[PDB]
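Step one of this worksheet: look at the structure below.
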Amino acid sequence: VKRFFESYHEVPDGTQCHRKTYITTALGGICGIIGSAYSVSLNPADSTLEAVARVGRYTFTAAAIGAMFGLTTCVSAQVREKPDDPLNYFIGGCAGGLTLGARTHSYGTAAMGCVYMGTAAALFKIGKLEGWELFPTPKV
Amino acid sequence: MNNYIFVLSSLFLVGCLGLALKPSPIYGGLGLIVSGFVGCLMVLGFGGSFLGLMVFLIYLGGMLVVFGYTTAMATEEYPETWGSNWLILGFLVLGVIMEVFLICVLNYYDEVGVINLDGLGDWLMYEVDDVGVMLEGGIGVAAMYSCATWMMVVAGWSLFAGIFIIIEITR
Amino acid sequence: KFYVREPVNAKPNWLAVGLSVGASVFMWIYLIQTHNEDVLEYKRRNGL
Amino acid sequence: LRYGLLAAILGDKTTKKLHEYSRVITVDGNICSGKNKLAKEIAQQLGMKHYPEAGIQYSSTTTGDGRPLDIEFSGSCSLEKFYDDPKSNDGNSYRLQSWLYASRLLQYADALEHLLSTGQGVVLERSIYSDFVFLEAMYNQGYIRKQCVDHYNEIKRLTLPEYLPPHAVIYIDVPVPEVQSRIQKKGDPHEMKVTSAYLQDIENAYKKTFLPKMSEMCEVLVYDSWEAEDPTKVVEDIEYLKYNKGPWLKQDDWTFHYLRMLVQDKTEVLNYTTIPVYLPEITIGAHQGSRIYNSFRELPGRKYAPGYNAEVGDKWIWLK
Amino acid sequence: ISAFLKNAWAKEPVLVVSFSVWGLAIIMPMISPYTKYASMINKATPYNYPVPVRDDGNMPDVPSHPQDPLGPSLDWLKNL
Amino acid sequence: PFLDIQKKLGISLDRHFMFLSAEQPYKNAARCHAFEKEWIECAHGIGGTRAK
Amino acid sequence: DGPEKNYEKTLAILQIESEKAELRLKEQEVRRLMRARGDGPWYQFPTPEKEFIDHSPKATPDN
Amino acid sequence: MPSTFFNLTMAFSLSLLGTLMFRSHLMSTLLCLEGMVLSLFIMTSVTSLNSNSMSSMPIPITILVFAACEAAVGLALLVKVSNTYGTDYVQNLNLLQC
Amino acid sequence: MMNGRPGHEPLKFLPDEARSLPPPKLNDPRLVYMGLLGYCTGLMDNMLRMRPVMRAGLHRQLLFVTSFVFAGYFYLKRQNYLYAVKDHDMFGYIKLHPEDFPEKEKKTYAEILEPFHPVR
Amino acid sequence: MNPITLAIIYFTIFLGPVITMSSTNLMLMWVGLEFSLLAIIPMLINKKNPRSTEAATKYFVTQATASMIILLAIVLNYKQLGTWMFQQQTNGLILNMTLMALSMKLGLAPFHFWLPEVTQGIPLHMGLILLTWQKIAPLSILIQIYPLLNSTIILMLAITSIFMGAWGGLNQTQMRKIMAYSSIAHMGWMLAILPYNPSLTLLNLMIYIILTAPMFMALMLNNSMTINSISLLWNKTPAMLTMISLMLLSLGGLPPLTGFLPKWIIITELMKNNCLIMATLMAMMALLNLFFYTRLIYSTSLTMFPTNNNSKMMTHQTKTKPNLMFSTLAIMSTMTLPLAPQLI
Ligand SMILES: Nc1ncnc2c1ncn2[C@@H]1O[C@H](COP(=O)(O)OP(=O)(O)OP(=O)(O)O)[C@@H](O)[C@H]1O
């Protein structure tokens with residue numbers, strides 16, 4: 001449902017923490033399922049058991065990225081009550097990388113994730129705050 | 001009687017679904033002829049006689065070569081039928097049950113429009129011209145020789161060129 | 001030195017020379033009138 | 001009108017030029033079997049063009065001023081060094097053989113273009129088809145590491161299939177104890193020090209692989225030393241051969257055109273012989289290679305395409 | 001070429017009749033006197049009703065009654 | 001189209017049976033001939049983003 | 001030549017480049033309206049041709 | 001008309017779903033292309049007959065002229081596939097991996 | 001974007017309306033460049049085939065200098081016309097709709113209170 | 001092949017795009033695509049070796065299915081509006097299936113896998129046609145429906161073409177596979193600007209053609225198929241080195257050369273549509289496409305690799321291969337940036 005994912009921007013950050021965690025968790029879970037499908041097709045497993053296990057591994061891993069991203073961004077707004085601040089998504093986005101490296105066993109992905117996922121996350125709130133529009137309708 | 005085209009289309013879908021499951025090519029051709037034979041009928045039901053017998057006179061000749069080719073290249077010690085694999089049979093009954101679930105469920109959500117279960121047969125001909133000659137379907141195809149001659153040259157060339165294309169591949 | 005294999009370019013391809021040099025002069029000639037005819041046309045239309 | 005699709009369309013088909021004696025005839029044998037005398041007589045009697053065996057300096061006598069070049073340009077292999085020290089740390093043995101194969105492959109190309117151009121027969125001697133015997137003989141004695149036989153069979157695999165085997169191969173048998181006495185009598189102090197075992201492997205490399213394999217695609221004719229002398233009879237045997245069981249039968253008019261185009265373009269003939277397989281024995285290196293190539297271009301008749309080199313005296317440069 | 005034409009006639013007649021009739025069908029339409037009548041006969045057949053046209057006092061050449069002598073006629077078809 | 005060669009030469013190779021009201025083989029009006037004749041007249045010169 | 005030349009050349013450069021700046025912005029703002037509303041010569045997307053409509057009376061009255 | 005086209009379009013989809021999810025044969029995939037064109041031919045035929053578009057009747061013929069030529073080329077390819085592997089299988093066309 | 005403009009002839013190089021513009025001077029900074037490139041093309045043709053450069057193809061190089069300049073003049077003329085049509089429509093459209101491009105009157109620097117940002 | 005067959009097969013390739021461009025019926029546009037499919041197959045199998053056969057089969061089944069998805073779009077439109085043209089007020093689903101299938105023909109990601117596979121199994125020629133000539137006919141379909149394509153999938157295809165074309169080609173040793181991953185990379189750009197001012201789509205197509213053709217010719221001088229083989233180019237024919245280096249740099253977006261003009265002007269036009277975010281990501285990854293070109297310039301021109309002894313046989317003979325269009329195309333690319341206003 002499109003209207004469901006639209007609720008993420010209905011309230012300022014921190015308000016309705018539980019709802020925003022669910023939205024991110026589902027959003028990340030979808031990304032895992034979409035991504036996990038390619039791995040099942042390209043470079044397939046040796047059997048269906050290993051194929052579903054791979055699907056579960058990515059979907060739950062990706063779902064973890066959304067949850068910890070949502071929890072950290074939402075909690076960081078309740079304390080330091082400044083909802084319109086891109087720094088919150090950076091810390092929130094950073095926690096995703098730390099979570100990411102927790103599943104994939106290597107610190108390199110953990111340290112890199114914070115810089116990239118956090119930087120991408122922070123830029124996202126700048127876009128919605130400054131009105132950046134990706135996929136613009138052609139107007140010239 | 002009203003549910004006459006619907007039954008043909010459903011058999012066309014079931015025949016094509018059986019061809020989608022991809023059994024050994026011998027039975028794929030048999031299924032394809034069943035769908036093609038049904039394809040001729042529903043075309044006839046729409047007032048068109050010439051086109052109907054053409055899909056059933058060109059694909060028939062095609063399957064002989066496919067039958068010839070499959071027995072020459074695509075064969076196994078034990079060819080696969082629709083019931084050799086229980087999974088294929090499982091997706092065959094599921095597919096048959098799937099359409100009924102889709103056909104039925106679409107009806108309740110949308111009263112009419114894409115599918116009209118309540119009103120069937122009423123919406124098939126759309127105002128034939130009761131009085132008139134030269135209306136028989138197939139005169140339009142004959143326009144390929146007059147005021148539609150571009151379709152004639154391009155289609156004719158593909159058959160012309162194709163003979164050269166086939167020889168080079170099989171050289 | 002005196003080549004064991006006679007070079008493909010032992011002599012000028014005089015056919016190419018005439019057409020190459022000829023087309024160059026024709027192209028230069030057809031370019032001069034076009035400029036002097038378009039310029040003259042430009043004066044006629046927009047005035048002086 | 002460089003030969004191409006245009007020439008064939010206009011009436012330059014090859015099948016109309018072939019005659020009864022438009023046959024490629026290679027003469028094969030051992031080190032001193034006496035092929036030059038038998039080969040030259042075959043040419044004169046049957047009106048074919050003799051092609052002396054491709055040595056180290058073949059490309060030098062085929063392109064440019066027509067004289068041998070400095071040994072650093074025409075390969076880096078010396079035949080005399082091979083007999084003196086075949087087990088040299090520098091891979092002079094394999095460089096000699098691979099260089100000779102590329103040379104023969106170039107000569108075999110020239111002969112086919114001659115047959116496919118004017119129809120005059122060509123009588124080679126020890127063409128590429130019989131040139132693997134030496135390397136198989138070199139490997140048996142240990143003059144080559146196993147890693148280079150594989151390279152040789154790879155170069156052969158890529159280039160050999162696209163050429164037509166010779167119509168008839170003449171093998172003049174000479175037993176090892178006879179050739180070893182013949183080598184000493186020819187008076188080349190560098191070649192009189194070749195062991196009998198090396199000569200044997202050339203004989204074995206002929207009767208085990210070459211002789212059977214060619215009979216499946218050519219008409220073989222085995223001859224003895226006493227038959228070769230006064231070779232008018234070997235010519236008569238060729239004059240009355242029935243030619244079947246070979247790829248020449250199934251060559252159409254256009255299959256010649258595509259073979260003719262490939263043979264005509266020498267770079268397209270030798271491209272697969274210069275594949276970047278980094279054998280230490282064959283790699284030249286960026287510093288020696290730049291010196292040889294730069295020094296090669298600084299020669300009379302070189303530095304420009306054959307028609308344009310002014311130092312020779314070619315004229316009308318400003319129109320070509 | 002007389003031998004070649006009749007030698008093929010003697011050995012492979014089927015490929016000579018095919019080429020002969022192939023050229024005969026191409027050339028016959030140009031020479032026949034009735035070739036132009038193939039089009040007119042297919043203009044005579046009135047598959048659709050001949051729609052009448054109003055009169056404004058300036059439509060003299062079209063007939064008033066169907067059986068009148070001032071319109072197109074098929075009298076050449078009866079005698080073809 | 002991408003190349004107006006047909007218009008340039010004036011020859012209608014395949015642009016006389018684009019739509020239903022396109023001079024059927026015999027004078028048989030395609031179903032909904034009047035309606036689309038009306039629509040095509042409305043959207044002429046007025047082009048694309050003004051005829052929608 | 002002295003300060004006169006460079007001073008009055010720079011002035012010419014400035015207007016040659018202020019006019020370009022003004023025109024470029026009007027080019028952007030003109031195209032924005034033309035595509036939104038096809039009121040101008042540009043962005044006239046194709047529409048089916050009108051000359052191939054057949055106008056002669058047909059078989060049935062109600063064409 | 002409305003009820004039958006939903007069945008024809010899904011007939012194409014099932015045939016489309018068949019030419020994508022390959023199986024252990026390459027004749028079968030070419031047969032699936034036949035069904036896709038079979039669905040496309042009838043849709044054009046019904047629509048032309050439904051709308052009484054006798055000027056559009058030539059189009060469905062031309063689809064068959066070209067779709068069947070794809071089969072002619074497709075079948076000729078499959079001759080070369082078998083003459084180099086002798087099995088027609090699809091997992092033998094993995095030699096371009098590198 | 002100008003393809004559908006009214007009075008646009010199809011697949012025609014220079015419309016009859018395009019001759020009402022000044023033709024290129026034939027020594028323009030960019031027609032000489034086409035000739036200079038053409039010379040560079042001719043020099044490199046000789047370079048790629050081991051021919052002497054600046055010496056071998058004095059009839060090929062003459063052909064390239066003329067072919068590029070000859071082509072450049074006609075292509076340059078077309079572009080001069082295309083930019084003429086773009087400006088012709090751009091200003092013409094501006095007249096018809098004053099309500100979209102009002103003649104705004106800017107305010108002199110005496111009145112506007114532009115802010116100040118000290119450096120310290 | 002023989003001249004009669006060669007004439008008919010080539011003449012069929014030429015009618016493919018010509019019919020697609022000239023015709024107005026989308027059906028004749030589709031019939032133009034079929035000739036390109038059918039006529040290409042015999043050439044790809046001209047060698048008659050196992051690699052070629054596998055190349056032709058993948059090409060055939062990938063484009064045969066694509067030719068059917070487009071046909072569904074055309075037939076469904078005939079149901080909806082009764083015309084054979086993609087007019088306005090058409091279902092976006094019908095049109096999305098079009099760009100979906102047209103992407104398969106072009107070779108854009110995520111439908112790109114078939115292209116690098118196929119080009120590996122065919123000679124250096126027939127890669128030039130497959131990557132330049134065959135990719136014009138599908139584009140002509142989209143140029144005539146440019147004010148209808150969805151702004152989202154049109155870009156989401158362009159982005160993954162840029163990435164999957166750069167990342168994939170970042171580790172290709174085989175030259176033919178590199179030239180395929182450059183087509184994907186550059187066809188992200190032509191499709192990226194398709195809804196926005198399509199005129200630049202052709203500009204980046206023409207510039208791309210002017211570059212690959214000399215590159216493919218540059219690899220046809222010696223049938224150099226790998227980075228190692230082209231690393232020997234200095235010993236065999238060093239003349240190309242000056243312009244293999246420039247053309248390869250130009251293909252990457254370096255300012256002085258005329259491959260930066262496409263990336264530059266495309267970024268300008270997107271930047272005029274409030275498209276900040278997607279020009280940065282698209283432009284940032286373009287530099288990656290300049291990496292494996294820079295890797296190739298090291299191997300070939302700047303730093304020179306070890307050669308073979310037999311290579312001294314190639315220098316003796318004379319060459320007459322370059323068809324004189326290598327030179328003219330090599331300078332039209334790598335220069336003419338001063339002539340940018342005449343291009344736009
Ligand atoms: N591929 C090769 N590898 C190594 N040595 C070779 C090779 N080919 C030829 N040689 C040597 O080169 C010399 C060639 O002598 P060859 O037998 O060709 O003499 P000839 O003058 O042609 O006639 P003949 O020896 O029959 O009297 C011999 O030393 C032979 O051993």
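Residues in the structure tokens are numbered from 1 in each chain, the chains being A, B, ... in the order shown, and ligands are numbered from 1 in the order shown.
Inspection of the environment of ligand 1, which uses only C-alpha atoms and all ligand atoms and a cut-off of 6 Å, identifies the neighbouring residues as residues 31, 32, 33, 34, 35, 36, 53, 97, 100, 131 and 134 of chain D.
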Emit the selected residues as a compact mmCIF listing (two decimals), in the first residue's frame, including N, CA and C atoms.
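The file below, again-v6.txt, is the result:
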```txt
# COMPACT_ATOMS: atom_id res chain seq x y z
N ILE D 31 67.62 -35.32 -42.52
CA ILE D 31 68.48 -34.13 -42.54
C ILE D 31 69.23 -34.01 -43.86
N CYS D 32 69.76 -35.12 -44.37
CA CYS D 32 70.49 -35.11 -45.64
C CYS D 32 69.97 -36.19 -46.56
N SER D 33 68.65 -36.23 -46.74
CA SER D 33 68.03 -37.18 -47.65
C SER D 33 68.22 -36.83 -49.12
N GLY D 34 68.61 -35.59 -49.43
CA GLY D 34 68.78 -35.19 -50.81
C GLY D 34 67.49 -34.72 -51.44
N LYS D 35 66.83 -33.75 -50.82
CA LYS D 35 65.56 -33.25 -51.31
C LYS D 35 65.72 -32.14 -52.33
N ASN D 36 66.78 -31.34 -52.22
CA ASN D 36 66.95 -30.22 -53.14
C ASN D 36 67.12 -30.71 -54.57
N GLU D 53 63.86 -24.42 -49.37
CA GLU D 53 63.40 -24.60 -48.00
C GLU D 53 63.60 -23.32 -47.21
N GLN D 97 63.12 -23.19 -33.70
CA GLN D 97 62.06 -24.00 -34.28
C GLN D 97 60.79 -23.19 -34.49
N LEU D 100 61.36 -20.94 -37.35
CA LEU D 100 61.29 -21.66 -38.61
C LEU D 100 59.86 -22.04 -38.96
N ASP D 131 56.94 -30.12 -40.24
CA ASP D 131 57.90 -29.36 -39.48
C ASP D 131 57.81 -29.62 -37.98
N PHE D 134 60.91 -32.11 -36.00
CA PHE D 134 62.11 -31.64 -35.31
C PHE D 134 61.81 -31.33 -33.85
```
Who sits within 12 Å of residue 88 in chain A, only C-alpha atoms, same chain under 3 positions skipped, as an MDAnalysis selection string: chainID A and resid 12:14 69:85 91:95 118:119 121:126
Residues of chain F that have any atom at most 7 Å from an atom of chain B: could you tabulate them with the shortest-distance atom pair and the distance in Å to one decimal, using only C-alpha atoms, ordered by chain and increasing number, as JSON lines?
```
{"residue": "F:13", "atom": "CA", "partner": "B:150", "partner_atom": "CA", "distance": 5.7}
{"residue": "F:14", "atom": "CA", "partner": "B:150", "partner_atom": "CA", "distance": 6.3}
{"residue": "F:25", "atom": "CA", "partner": "B:143", "partner_atom": "CA", "distance": 6.2}
```
Neighbour list for residue 29 in chain F as an MDAnalysis selection string, cut-off 12 Å, only C-alpha atoms, skip fewer than 4 positions in-chain: (chainID B and resid 128:129 132 135) or (chainID E and resid 48) or (chainID F and resid 19:25 33:37) or (chainID G and resid 53:63) or (chainID H and resid 51:55)
Expected answer as a PyMOL selection string: chain C residues within 12 Å of chain J, only C-alpha atoms: chain C and resi 5+7-9
Expected file contents, prior selection, N, CA and C atoms, as a compact mmCIF listing (two decimals), in the first residue's frame:
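Contents of selection.txt, freshly written:
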```
# COMPACT_ATOMS: atom_id res chain seq x y z
N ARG C 5 59.51 -7.78 -54.22
CA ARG C 5 58.09 -7.68 -54.52
C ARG C 5 57.80 -6.29 -55.08
N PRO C 7 56.21 -3.00 -55.60
CA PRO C 7 55.27 -2.34 -54.69
C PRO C 7 53.93 -2.10 -55.37
N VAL C 8 52.86 -2.24 -54.58
CA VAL C 8 51.53 -1.95 -55.09
C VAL C 8 51.44 -0.50 -55.54
N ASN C 9 52.28 0.37 -54.97
CA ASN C 9 52.29 1.80 -55.27
C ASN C 9 53.55 2.18 -56.04
```
Exercise answer, chain I residues close to chain C, 6 Å and only C-alpha atoms, as a ChimeraX atom specification: /I:20,59,63,66
Just the selected residues (N, CA and C atoms), exported as an mmCIF file, in the first residue's frame, please.
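Output file part-v6.cif follows:
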```cif
data_model
loop_
_atom_site.group_PDB
_atom_site.id
_atom_site.type_symbol
_atom_site.label_atom_id
_atom_site.label_comp_id
_atom_site.auth_asym_id
_atom_site.auth_seq_id
_atom_site.Cartn_x
_atom_site.Cartn_y
_atom_site.Cartn_z
ATOM 1 N N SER I 20 17.834 34.246 -46.093
ATOM 2 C CA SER I 20 17.720 35.625 -45.650
ATOM 3 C C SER I 20 18.623 35.929 -44.461
ATOM 4 N N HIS I 59 47.812 15.129 -53.042
ATOM 5 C CA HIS I 59 46.490 15.186 -53.644
ATOM 6 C C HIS I 59 45.408 14.662 -52.712
ATOM 7 N N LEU I 63 42.513 17.064 -51.062
ATOM 8 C CA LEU I 63 41.121 16.633 -51.049
ATOM 9 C C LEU I 63 40.505 16.800 -49.662
ATOM 10 N N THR I 66 39.748 20.473 -48.722
ATOM 11 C CA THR I 66 38.568 20.978 -49.410
ATOM 12 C C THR I 66 37.300 20.270 -48.945
#
```
